[PDB]
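There is one chain below, alone, in structure tokens, taken in the form deposited without the named molecule.
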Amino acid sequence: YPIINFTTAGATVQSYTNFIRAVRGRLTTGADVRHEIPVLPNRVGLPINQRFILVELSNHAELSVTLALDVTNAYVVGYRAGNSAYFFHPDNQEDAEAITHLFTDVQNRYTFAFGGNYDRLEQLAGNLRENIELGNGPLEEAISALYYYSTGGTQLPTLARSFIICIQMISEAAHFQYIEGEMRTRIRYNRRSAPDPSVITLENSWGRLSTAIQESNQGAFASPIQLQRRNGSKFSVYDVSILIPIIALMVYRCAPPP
């Protein structure tokens, strides 16, 4: 499958930016763009051979892990750390069968009982996104936790917390130029801070925003979506135009109108 490499060791805003441009470039075919926003491939009819891309992450401690991203939604589906592969609970037969094509060469393959969505992951992590730190240092740490899961070195709460950081720093930054900007600021000043309300509200409404845009009357939404600003003030979106510098990829919801 395509593999993209990124190391947290000595990451700068440009090597991180290059990494996220490369992931978006693998996720998209260029075939489907609606109101200037690329739509991800539709899962019905996609061949297994084009279903996943892999992301190989390395850290300052010279440890690596490879995450498998699903190309229809850019979400992390499972991962490899040396001799073992772990996959989240497939929530349908089609996906149960698809993940058998990943990391076939690994000896021990495990499937967790829990899925990879945020709520399960926050329950298991014993903590919410609002309290978990994101930045180059948290991702550095996450690479190690994930890698030492193999050998009893990581307990399930640190595993879940490391999954939340990976998914927001890779999958969500690819879904949104806005969240990628948020991560670049953290790297520029080498800060680590929990996500503010605008980040979490964007992440929660990615699927609904994709549908509202694709079902729109020429860009006009039938019902408005309320998002939040950094300080928590709510605001309504009525049109795709203001989301164009904010969302970078949409999940396929319907075919483009005539």
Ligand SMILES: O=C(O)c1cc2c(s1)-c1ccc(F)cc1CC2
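Each residue number is its position in the shown sequence, starting from 1.
Below, we refer to the form solved in complex with the named molecule, which is not included among the displayed structures.
In summary, among the residues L202, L27, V65, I213, the only one with a non-hydrogen atom within 4.5 Å of the named molecule in the deposited bound form is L202. None of the heavy atoms of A194 is located within 4.5 Å of the named molecule in the deposited bound form. Within 4.5 Å of any heavy atom of the named molecule in the deposited bound form lies no heavy atom of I53. At the 4.5 Å threshold, heavy atoms of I37 stay clear of the named molecule in the deposited bound form, well away from it. Taking non-hydrogen atoms only, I246 approaches the named molecule to within 4.5 angstroms in the deposited bound form.
Taking a 4.5 Å heavy atom cutoff to the named molecule in the deposited bound form, the contacting residues in 227 to 248 are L227, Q228, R229, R230, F235, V237, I242, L243, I246.
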